[PDB]
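The chain below stands alone and is given in C-alpha cells; this is the form deposited in one PDB entry.
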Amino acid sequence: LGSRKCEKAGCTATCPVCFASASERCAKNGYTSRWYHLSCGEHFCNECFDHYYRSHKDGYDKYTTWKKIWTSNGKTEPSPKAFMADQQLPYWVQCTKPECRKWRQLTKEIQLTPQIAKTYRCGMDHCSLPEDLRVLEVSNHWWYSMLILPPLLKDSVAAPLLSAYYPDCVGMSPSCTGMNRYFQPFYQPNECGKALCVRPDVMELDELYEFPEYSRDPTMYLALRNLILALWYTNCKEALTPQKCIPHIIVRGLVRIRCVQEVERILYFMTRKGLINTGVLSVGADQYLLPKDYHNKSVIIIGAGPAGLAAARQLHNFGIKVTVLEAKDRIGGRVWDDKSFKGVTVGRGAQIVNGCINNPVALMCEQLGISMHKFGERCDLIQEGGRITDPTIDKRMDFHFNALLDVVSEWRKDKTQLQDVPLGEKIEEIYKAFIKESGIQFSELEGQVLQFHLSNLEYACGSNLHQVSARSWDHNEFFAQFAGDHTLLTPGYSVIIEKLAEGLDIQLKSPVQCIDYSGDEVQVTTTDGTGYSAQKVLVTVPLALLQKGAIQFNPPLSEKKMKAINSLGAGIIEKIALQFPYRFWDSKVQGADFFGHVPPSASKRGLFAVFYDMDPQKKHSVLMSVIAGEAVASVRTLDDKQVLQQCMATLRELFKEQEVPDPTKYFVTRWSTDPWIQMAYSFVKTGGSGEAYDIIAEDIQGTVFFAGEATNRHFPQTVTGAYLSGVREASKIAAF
C-alpha cells in the first residue's frame, strides 16, 4: 500500500522507521495505518502501538503494569507514547575514544548504565563506521521543539533529596526506586525561606535570563541542574566536570544527546555564578574551570579580606588573570587569628558562624576536614558579684525587650525615610510609655537585665542604639536568612582565608591611592607610585575607608553612591582575650559556652557583656569578651594594660565568692584605629535604608566593581556575606 508520511506538522522525517519492533506485523520501514511521532528521528508503527495499547494484545500486561506504577508516583498522564519514551526507546551512548567520539544507538535490549557510559567504544575498525545521520539534527533548535514529551532522567543522583516532589515535576522518571548535615540545597514543599535554597520545580530569575529557550519547556533544565547540585554536594572536594556528569544522565532516545550537550552549558553557568566548583577548591594547574573564552581578560582586586580573596580565588580558578593589592602587611582583613595561646586559636576579629545550613563557610569547612563546635543555648546572666540571675527575671525581660521591638516593628510600618528615628530613642519612648500606662515599675535588677539585652543588640549593630535606624535596623530579614546551628569556628577563619589565598598573585603593603578608569583601561596607582593596570577593577575596601575617601576616583563616584555610602554606618566593637593558669569558672558556669555580665549602670552596659569559653573541649583556660556600644568610646583613651584591669575587676566581681588567678597572657583589639580598616561591620544609620547596600554594589560602566560585607544587602556584616559578595562580583566580571 506504499510507505507512509508523518502527519506531525513540520516533520523532517522523509522515511520514518520503527524503533520499537515489538509486534510481529512490524511495519519496519514499510507501511502501517499510522506513524506515531516521539521526535524527528524516532517514530513507531501502529502495529506496535496496538501491541501494548489493546487489551487483547500481548504487550498489554507490561503496559498496564507500568501504567499503574506511573499513576501512583507521577502527576503526568500515562499514554502509549510516554511508555515508549520511558521503556522502549533505544539508548544512545557516545564513544570513549578521544579520536572518535561518535554517537551510537544500542541494541533494543541493552540497558544503559553509568558504567557502560564510562567505557563504551564503537562496537561493544568500528569507529570508522559513519555516524547515524539523525544525530546531527539533535543540535538544531527546532529539534527539541518537535519533541513531544520532555526527558525524564533515570536514577538521578538528586532522587533521594527530592522524595517530597512528584518525580515528573523535577525531570525524573516516575518509574524508578551519607551527606553533610549542612547541605540542604533544595527547598521542601511548605518550608519557610532559608538562605541559598533553590526550588527544584521552578527556575530562578538568573536562570530564566541565561536560558530563555527553556522558559517554555523547562523540565529538561531543572532535571540537569538538580543532577549537578546533587553531584557537587555529594563530593565537593573535586571539580565537577561534564565527564563525571554524563554517565549519570540516563534517559532513552536521541534526547539524551541533547542533554549531554546542554549539561556542559548549565555546568559552566552555575560554576560562573558560584553555585558549584566554589569555596576552597583549587586548581591547579592547566585545568581551568571555565572554557578559554573567559580567560582573555585581566582584573585588579583591591583588598585581601574575605570579599577580595573570594573573587580572586574564583576568577583565578576560572582562568582569568587576577592580581590582588592589599594595604596591610598581611591578608585576612577583619579576619585575624592569634595562634599564640597554648592549644587554642582565638580570633581578634571574626570567629563565629551564624547559621550553618547552606553556609559557604560550612561547605569550606567540609573541604578542609575542619570541624565546628555548635554553641549551647544556655547563658546565665551573672551579677556583681556572685548571684546568678533568676531565670524568671531573665525570661521576663527577654520577653519585654522583645515586645518593645514588636511595638517598634509596628510603629515603623508606613513610615518614610524622613520620618525615621533612632531605634534607641524609640525603644526608650515606648519603654517609658508602658510604665506610665501600667502603673507598676521595675526593680533595679529588672532594669539592669533589660540593659543587658540593650547591649546585646548594640553588640549586634556595632553601635550605640541612638545612632541606628528604627526603620531599617533589621532590614535584611525581609529576606531569607541562614538557618541551623550557630557555631564557634574553633580553628579560626584564618585557616579558610589562607587556603583561598594560596598561590594567588597577592601584593602586600600596596595601599591603593588612585583609581583612574577614564581611558581605555583602568589605571591603579599605589601610595608610593607603583602602577598597575587591568581591564576590570574590583574594590573591596571597608565601608569606613570608602567614607574617608582614601582612594581617589577619576571620574569621581556619583553623588548617589557617596550618599549611599554615607547612609550606612561603620559599626565597631573590640575584643579582649585572657589566658589563665586554670579554668576558675567551671564550678559556677558548668561547661556553658558563655556567661553574661549584668551592667551596674546603663553607661557601663557595653563593657564585657558576654564572656566566651574559648575551649569547646574544656581542657584549656582562655576567655574572650567584647566591648560594644558606648563602651568602645570610653576605652580608646585607655591603653592595653588598663583595659585588662577593668576586665579583671569585672571577673573578680562576677566571681566574688572565690579567687581568680592573674592572667598569664592577653590581647586587646584596636580595630577602631587600624588605619586601613577602622571598623568591625556596617549597620543602617538613622534616615538610612537597606537599599544602600545594593547601590554600593552597583558597578560603574561595567569597569569598576564593588564587594565586601558593606555591599551584601541580604547578609551584611558577616564573613559569609563578604565571601558571597565576592562570588557575586567574580560572576559579573567574568561575563563573556
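If you superpose the two forms and keep the largest set of C-alpha atoms that fall within 1.5 Å, you have the rigid core. One-based numbering along the sequence shown.
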Check: Relative to the deposited sequence, how many residues with no modelled coordinates occur between residue 658 and residue 659 (none, 1 to 3, 4 to 9, 10 or more)?
Finding: none
Notebook entry, point to check: Just how many deposited residues go unmodelled from residue 124 to residue 125: none, 1 to 3, 4 to 9, or 10 or more?
Noted result: 10 or more
Notebook entry, point to check: Taking only the CA atoms, which stretch has the higher mean B-factor in the record, 457-465 or 200-208?
Noted result: 200-208
Checklist line | Stretch with the greater mean C-alpha B-factor as recorded in the entry, comparing 447-455 against 110-118 | finding: 110-118
Notebook entry, point to check: Whose C-alpha has the highest temperature factor in the PDB entry: 510, 487, 476, 601?
Noted result: 601
Note to self: Out of 70, 53, 706, 671, whose C-alpha atom has the biggest B factor in the entry?
What the structure shows: 70
Check: Against its chain's modelled residues, does residue 257's Cα B factor rank lowest, middle or highest third?
Finding: middle
Note to self: Where does the C-alpha B-factor of residue 730 rank in its chain, lowest, middle or highest third?
What the structure shows: lowest
Checklist line | Lowest, middle or highest third - CA B-factor, residue 95 | finding: highest
Next item on the list: Rank-wise, by C-alpha B-factor, drop residue 188 into the lowest, middle or highest third of its chain.
Entry: highest
Check: What third of its chain, lowest, middle or highest, does the C-alpha temperature factor of residue 724 fall into?
Finding: lowest
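Omitted from view is the form deposited in another entry, to which the following refers.
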Check: Hey, after the core superposition between the shown form and the other one, which of 700, 26, 695, 668 has the C-alpha moving 2 angstroms or more?
Finding: 26
Check: So with the core overlaid, does the Cα of residue 49 end up 2 Å or more away between the shown form and the other one?
Finding: yes
Margin query: After superposing the rigid core, is the C-alpha displacement of residue 70 2 Å or more between the shown form and the other one?
Written below: no
Check: For residue 35, is the CA shift between the shown form and the other one at least 2 Å following rigid-core superposition?
Finding: yes
